[PDB]
$ cat start21.txt   # compact mmCIF, N, CA and C atoms
# COMPACT_ATOMS: atom_id res chain seq x y z
N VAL A 1 0.82 -1.20 0.00
CA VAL A 1 0.00 0.00 0.00
C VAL A 1 0.86 1.25 0.00
N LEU A 2 2.03 1.21 0.62
CA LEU A 2 2.92 2.36 0.49
C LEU A 2 3.70 2.30 -0.82
N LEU A 3 4.62 1.34 -0.93
CA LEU A 3 5.63 1.42 -1.98
C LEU A 3 5.01 1.20 -3.36
N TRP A 4 4.39 0.03 -3.57
CA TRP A 4 3.91 -0.28 -4.91
C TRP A 4 2.72 0.59 -5.30
N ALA A 5 1.82 0.86 -4.35
CA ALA A 5 0.67 1.69 -4.65
C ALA A 5 1.09 3.10 -5.06
N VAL A 6 1.95 3.75 -4.27
CA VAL A 6 2.32 5.10 -4.67
C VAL A 6 3.23 5.10 -5.90
N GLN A 7 4.01 4.04 -6.12
CA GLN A 7 4.84 4.04 -7.33
C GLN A 7 3.99 3.92 -8.59
N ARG A 8 2.97 3.07 -8.56
CA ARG A 8 2.09 3.00 -9.73
C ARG A 8 1.21 4.24 -9.82
N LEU A 9 0.93 4.88 -8.68
CA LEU A 9 0.22 6.16 -8.71
C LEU A 9 1.05 7.23 -9.42
N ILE A 10 2.35 7.30 -9.10
CA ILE A 10 3.23 8.24 -9.79
C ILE A 10 3.28 7.92 -11.28
N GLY A 11 3.40 6.63 -11.62
CA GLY A 11 3.43 6.26 -13.02
C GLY A 11 2.17 6.70 -13.76
N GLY A 12 1.00 6.41 -13.19
CA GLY A 12 -0.24 6.77 -13.84
C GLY A 12 -0.46 8.27 -13.93
N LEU A 13 -0.19 8.99 -12.84
CA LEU A 13 -0.41 10.43 -12.84
C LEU A 13 0.60 11.17 -13.71
N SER A 14 1.77 10.58 -13.94
CA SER A 14 2.75 11.19 -14.82
C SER A 14 2.55 10.79 -16.27
N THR A 15 1.85 9.68 -16.53
CA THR A 15 1.63 9.26 -17.91
C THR A 15 0.70 10.21 -18.65
N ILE A 16 -0.33 10.74 -17.96
CA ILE A 16 -1.37 11.50 -18.64
C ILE A 16 -0.80 12.78 -19.24
N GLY A 17 0.01 13.51 -18.48
CA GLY A 17 0.54 14.77 -18.95
C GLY A 17 1.88 14.65 -19.64
N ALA A 18 2.10 13.55 -20.36
CA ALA A 18 3.38 13.31 -21.01
C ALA A 18 3.41 13.85 -22.44
N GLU A 19 2.51 13.35 -23.30
CA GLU A 19 2.50 13.78 -24.69
C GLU A 19 1.73 15.08 -24.89
N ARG A 20 0.92 15.48 -23.91
CA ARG A 20 0.06 16.65 -24.09
C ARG A 20 0.87 17.95 -24.02
N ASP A 21 1.83 18.02 -23.11
CA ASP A 21 2.59 19.25 -22.90
C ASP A 21 3.97 18.86 -22.39
N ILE A 22 5.00 19.13 -23.19
CA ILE A 22 6.36 18.75 -22.83
C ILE A 22 6.90 19.70 -21.77
N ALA A 23 7.90 19.24 -21.01
CA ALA A 23 8.47 19.97 -19.88
C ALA A 23 7.43 20.27 -18.80
N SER A 24 6.36 19.48 -18.74
CA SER A 24 5.37 19.54 -17.67
C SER A 24 5.79 18.48 -16.65
N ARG A 25 6.62 18.89 -15.71
CA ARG A 25 7.35 17.97 -14.85
C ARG A 25 6.57 17.77 -13.55
N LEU A 26 6.12 16.54 -13.30
CA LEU A 26 5.28 16.27 -12.14
C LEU A 26 6.11 16.31 -10.86
N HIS A 27 5.45 16.65 -9.75
CA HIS A 27 6.10 16.81 -8.46
C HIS A 27 5.41 15.93 -7.43
N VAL A 28 6.21 15.23 -6.62
CA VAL A 28 5.70 14.35 -5.58
C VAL A 28 6.39 14.66 -4.26
N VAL A 29 5.60 14.65 -3.19
CA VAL A 29 6.11 14.74 -1.83
C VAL A 29 6.04 13.35 -1.22
N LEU A 30 7.02 13.01 -0.38
CA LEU A 30 7.10 11.67 0.19
C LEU A 30 6.99 11.74 1.71
N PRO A 31 6.03 11.04 2.32
CA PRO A 31 5.92 11.07 3.79
C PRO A 31 6.93 10.15 4.46
N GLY A 32 7.98 10.73 5.03
CA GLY A 32 8.99 9.94 5.71
C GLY A 32 9.01 10.10 7.21
N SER A 33 8.57 9.07 7.93
CA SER A 33 8.54 9.12 9.39
C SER A 33 9.65 8.26 9.99
N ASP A 34 13.64 6.59 14.86
CA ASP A 34 14.82 6.15 14.13
C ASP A 34 14.51 4.95 13.24
N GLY A 35 13.94 3.90 13.85
CA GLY A 35 13.52 2.75 13.07
C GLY A 35 12.45 3.09 12.05
N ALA A 36 11.47 3.91 12.46
CA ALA A 36 10.51 4.42 11.49
C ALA A 36 11.20 5.28 10.45
N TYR A 37 12.18 6.09 10.87
CA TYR A 37 12.97 6.85 9.91
C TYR A 37 13.78 5.93 9.01
N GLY A 38 14.25 4.80 9.54
CA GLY A 38 14.95 3.83 8.70
C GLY A 38 14.05 3.22 7.65
N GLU A 39 12.82 2.85 8.04
CA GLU A 39 11.86 2.34 7.07
C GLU A 39 11.52 3.40 6.03
N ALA A 40 11.39 4.66 6.46
CA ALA A 40 11.14 5.75 5.53
C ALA A 40 12.30 5.92 4.56
N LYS A 41 13.53 5.77 5.04
CA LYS A 41 14.70 5.87 4.17
C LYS A 41 14.75 4.71 3.18
N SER B 1 18.87 -2.50 2.54
CA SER B 1 17.45 -2.36 2.82
C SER B 1 16.85 -3.66 3.32
N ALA B 2 17.22 -4.78 2.70
CA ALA B 2 16.77 -6.09 3.18
C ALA B 2 17.27 -6.36 4.59
N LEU B 3 18.51 -5.96 4.88
CA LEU B 3 19.02 -6.01 6.24
C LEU B 3 18.10 -5.25 7.19
N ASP B 4 17.86 -3.97 6.90
CA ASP B 4 17.14 -3.06 7.78
C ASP B 4 15.78 -3.61 8.21
N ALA B 5 15.21 -4.57 7.49
CA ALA B 5 14.01 -5.26 7.94
C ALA B 5 14.27 -6.35 8.98
N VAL B 6 15.09 -7.35 8.63
CA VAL B 6 15.28 -8.50 9.51
C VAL B 6 16.08 -8.11 10.75
N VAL B 7 17.12 -7.29 10.59
CA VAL B 7 17.91 -6.86 11.74
C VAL B 7 17.09 -5.94 12.64
N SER B 8 16.22 -5.11 12.05
CA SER B 8 15.32 -4.29 12.86
C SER B 8 14.33 -5.16 13.62
N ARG B 9 13.86 -6.24 12.99
CA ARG B 9 13.02 -7.20 13.69
C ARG B 9 13.77 -7.86 14.84
N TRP B 10 15.05 -8.18 14.61
CA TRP B 10 15.90 -8.72 15.68
C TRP B 10 15.97 -7.76 16.85
N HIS B 11 16.28 -6.49 16.58
CA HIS B 11 16.37 -5.50 17.65
C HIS B 11 15.01 -5.25 18.30
N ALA B 12 13.92 -5.48 17.57
CA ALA B 12 12.59 -5.23 18.11
C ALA B 12 12.15 -6.35 19.04
N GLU B 13 12.07 -7.57 18.52
CA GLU B 13 11.59 -8.70 19.31
C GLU B 13 12.70 -9.24 20.20
N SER B 14 12.35 -9.53 21.45
CA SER B 14 13.28 -10.12 22.40
C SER B 14 13.29 -11.65 22.35
N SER B 15 12.35 -12.26 21.63
CA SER B 15 12.35 -13.72 21.49
C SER B 15 13.44 -14.19 20.53
N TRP B 16 13.65 -13.45 19.44
CA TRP B 16 14.69 -13.81 18.48
C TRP B 16 16.09 -13.66 19.07
N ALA B 17 16.23 -12.91 20.17
CA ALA B 17 17.55 -12.73 20.77
C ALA B 17 18.12 -14.05 21.27
N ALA B 18 17.27 -14.90 21.84
CA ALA B 18 17.70 -16.19 22.37
C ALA B 18 17.39 -17.35 21.44
N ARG B 19 17.01 -17.09 20.20
CA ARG B 19 16.59 -18.17 19.30
C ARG B 19 17.34 -18.13 17.97
N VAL B 20 17.72 -16.94 17.52
CA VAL B 20 18.36 -16.77 16.22
C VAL B 20 19.66 -16.00 16.40
N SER B 21 20.68 -16.41 15.65
CA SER B 21 21.96 -15.70 15.57
C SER B 21 22.00 -15.07 14.19
N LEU B 22 21.42 -13.88 14.06
CA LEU B 22 21.41 -13.21 12.78
C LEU B 22 22.83 -12.78 12.41
N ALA B 23 23.24 -13.14 11.20
CA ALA B 23 24.58 -12.83 10.72
C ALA B 23 24.49 -12.48 9.25
N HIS B 24 25.50 -11.76 8.77
CA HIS B 24 25.45 -11.26 7.41
C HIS B 24 26.87 -11.00 6.93
N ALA B 25 27.08 -11.19 5.63
CA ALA B 25 28.34 -10.88 4.98
C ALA B 25 28.06 -10.09 3.71
N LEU B 26 28.79 -8.99 3.53
CA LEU B 26 28.62 -8.13 2.36
C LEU B 26 29.47 -8.72 1.24
N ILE B 27 28.86 -9.59 0.43
CA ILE B 27 29.62 -10.29 -0.60
C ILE B 27 30.00 -9.32 -1.71
N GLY B 28 31.14 -9.59 -2.34
CA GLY B 28 31.67 -8.72 -3.38
C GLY B 28 31.24 -9.11 -4.77
N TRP B 29 32.20 -9.48 -5.61
CA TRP B 29 31.93 -9.92 -6.97
C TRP B 29 32.52 -11.30 -7.20
N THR B 30 31.85 -12.09 -8.03
CA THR B 30 32.30 -13.43 -8.37
C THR B 30 32.54 -13.53 -9.87
N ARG B 31 33.53 -14.33 -10.25
CA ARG B 31 33.85 -14.53 -11.66
C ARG B 31 32.98 -15.58 -12.32
N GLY B 32 32.09 -16.23 -11.57
CA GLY B 32 31.15 -17.17 -12.15
C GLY B 32 29.73 -16.88 -11.71
N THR B 33 28.87 -16.55 -12.67
CA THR B 33 27.47 -16.18 -12.40
C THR B 33 27.37 -15.07 -11.36
N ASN B 34 32.00 -12.68 -19.57
CA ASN B 34 32.34 -12.89 -18.17
C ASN B 34 33.78 -12.49 -17.88
N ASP B 35 34.70 -12.96 -18.71
CA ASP B 35 36.12 -12.65 -18.51
C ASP B 35 36.39 -11.17 -18.71
N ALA B 36 35.66 -10.53 -19.62
CA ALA B 36 35.84 -9.10 -19.84
C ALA B 36 35.48 -8.29 -18.60
N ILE B 37 34.40 -8.67 -17.92
CA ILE B 37 34.01 -7.99 -16.69
C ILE B 37 35.11 -8.14 -15.64
N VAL B 38 35.64 -9.35 -15.50
CA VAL B 38 36.70 -9.60 -14.52
C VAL B 38 37.93 -8.76 -14.85
N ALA B 39 38.30 -8.70 -16.12
CA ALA B 39 39.45 -7.89 -16.52
C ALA B 39 39.22 -6.41 -16.24
N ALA B 40 38.02 -5.91 -16.55
CA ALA B 40 37.73 -4.50 -16.32
C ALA B 40 37.81 -4.15 -14.84
N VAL B 41 37.22 -5.00 -13.98
CA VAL B 41 37.21 -4.68 -12.56
C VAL B 41 38.57 -4.94 -11.92
N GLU B 42 39.38 -5.84 -12.50
CA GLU B 42 40.73 -6.01 -11.99
C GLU B 42 41.63 -4.85 -12.41
N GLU B 43 41.33 -4.24 -13.56
CA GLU B 43 41.97 -2.98 -13.91
C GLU B 43 41.52 -1.87 -12.97
N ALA B 44 40.25 -1.88 -12.58
CA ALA B 44 39.74 -0.88 -11.64
C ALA B 44 40.43 -0.99 -10.29
$ encode --input "start21.txt" --output "structure tokens"
Amino acid sequence: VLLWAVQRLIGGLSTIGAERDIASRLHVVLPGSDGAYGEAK
Amino acid sequence: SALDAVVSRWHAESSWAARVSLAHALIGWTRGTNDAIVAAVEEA
């Protein structure tokens, strides 16, 4: 639900605006929460 | 990253402390599973 879901989400959301307008560069924020920080890293 | 899961589980659970001896070796490169790669890295 974290890794694969958001990675395919980035893929899908970046696919749509690819051929329509070039240099339209998508932006993603990543929620990163020591051991929890290690998992986030 | 694969370490950070199992070793973190080791540090987390106190049952694995007396049941498992977690160990690891950072393996390098092998010449089997070619000669050009070995020559390039031996030049490196």
$ interface_residues --input "start21.txt" --of "chain B" --to "chain A" --cutoff "8 Å" --atoms "all atoms listed in the file" --output "tab-separated table (two decimals) with N, CA and C atoms, in the frame of the given file"
chain	number	residue	atom	x	y	z
B	1	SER	N	18.87	-2.50	2.54
B	1	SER	CA	17.45	-2.36	2.82
B	1	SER	C	16.85	-3.66	3.32
B	4	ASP	N	17.86	-3.97	6.90
B	4	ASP	CA	17.14	-3.06	7.78
B	4	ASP	C	15.78	-3.61	8.21
B	5	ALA	N	15.21	-4.57	7.49
B	5	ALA	CA	14.01	-5.26	7.94
B	5	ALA	C	14.27	-6.35	8.98
B	8	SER	N	16.22	-5.11	12.05
B	8	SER	CA	15.32	-4.29	12.86
B	8	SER	C	14.33	-5.16	13.62
$ select_by_dssp --input "start21.txt" --residues "chain A" --states "alpha helix (DSSP H)" --output "list in words"
residues 3, 4, 5, 6, 7, 8, 9, 10, 11, 12, 13, 14, 15, 16, 35, 36, 37, 38, 39 and 40 of chain A
$ atom_distance --input "start21.txt" --atom1 "atom C of residue A:28" --atom2 "atom N of residue A:2"
15.0 Å
$ atom_distance --input "start21.txt" --atom1 "atom CA of residue B:39" --atom2 "atom CA of residue B:26"
21.8 Å
$ atom_distance --input "start21.txt" --atom1 "atom C of residue B:22" --atom2 "atom C of residue B:6"
8.4 Å
$ build_atoms --input "start21.txt" --residues "stretch 18-34 of chain B" --atoms "N, CA, C and O atoms" --output "short mmCIF file (atom, residue, chain, number, x, y, z; two decimals), in the coordinates of the input"
data_model
loop_
_atom_site.label_atom_id
_atom_site.label_comp_id
_atom_site.auth_asym_id
_atom_site.auth_seq_id
_atom_site.Cartn_x
_atom_site.Cartn_y
_atom_site.Cartn_z
N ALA B 18 17.27 -14.90 21.84
CA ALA B 18 17.70 -16.19 22.37
C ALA B 18 17.39 -17.35 21.44
O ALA B 18 17.51 -18.51 21.87
N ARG B 19 17.01 -17.09 20.20
CA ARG B 19 16.59 -18.17 19.30
C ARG B 19 17.34 -18.13 17.97
O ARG B 19 17.56 -19.18 17.36
N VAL B 20 17.72 -16.94 17.52
CA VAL B 20 18.36 -16.77 16.22
C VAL B 20 19.66 -16.00 16.40
O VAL B 20 19.75 -15.07 17.20
N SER B 21 20.68 -16.41 15.65
CA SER B 21 21.96 -15.70 15.57
C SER B 21 22.00 -15.07 14.19
O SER B 21 22.55 -15.65 13.25
N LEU B 22 21.42 -13.88 14.06
CA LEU B 22 21.41 -13.21 12.78
C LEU B 22 22.83 -12.78 12.41
O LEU B 22 23.53 -12.14 13.19
N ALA B 23 23.24 -13.14 11.20
CA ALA B 23 24.58 -12.83 10.72
C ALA B 23 24.49 -12.48 9.25
O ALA B 23 23.53 -12.85 8.56
N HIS B 24 25.50 -11.76 8.77
CA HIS B 24 25.45 -11.26 7.41
C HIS B 24 26.87 -11.00 6.93
O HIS B 24 27.75 -10.63 7.71
N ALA B 25 27.08 -11.19 5.63
CA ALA B 25 28.34 -10.88 4.98
C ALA B 25 28.06 -10.09 3.71
O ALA B 25 27.21 -10.47 2.90
N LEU B 26 28.79 -8.99 3.53
CA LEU B 26 28.62 -8.13 2.36
C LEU B 26 29.47 -8.72 1.24
O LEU B 26 30.65 -8.39 1.10
N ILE B 27 28.86 -9.59 0.43
CA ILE B 27 29.62 -10.29 -0.60
C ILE B 27 30.00 -9.32 -1.71
O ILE B 27 29.30 -8.33 -1.99
N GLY B 28 31.14 -9.59 -2.34
CA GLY B 28 31.67 -8.72 -3.38
C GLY B 28 31.24 -9.11 -4.77
O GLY B 28 30.05 -9.08 -5.10
N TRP B 29 32.20 -9.48 -5.61
CA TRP B 29 31.93 -9.92 -6.97
C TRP B 29 32.52 -11.30 -7.20
O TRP B 29 33.57 -11.65 -6.63
N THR B 30 31.85 -12.09 -8.03
CA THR B 30 32.30 -13.43 -8.37
C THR B 30 32.54 -13.53 -9.87
O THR B 30 31.86 -12.87 -10.67
N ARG B 31 33.53 -14.33 -10.25
CA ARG B 31 33.85 -14.53 -11.66
C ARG B 31 32.98 -15.58 -12.32
O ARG B 31 33.12 -15.81 -13.53
N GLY B 32 32.09 -16.23 -11.57
CA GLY B 32 31.15 -17.17 -12.15
C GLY B 32 29.73 -16.88 -11.71
O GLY B 32 29.41 -16.98 -10.52
N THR B 33 28.87 -16.55 -12.67
CA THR B 33 27.47 -16.18 -12.40
C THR B 33 27.37 -15.07 -11.36
O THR B 33 26.85 -13.99 -11.63
N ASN B 34 32.00 -12.68 -19.57
CA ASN B 34 32.34 -12.89 -18.17
C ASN B 34 33.78 -12.49 -17.88
O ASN B 34 34.05 -11.77 -16.91
#
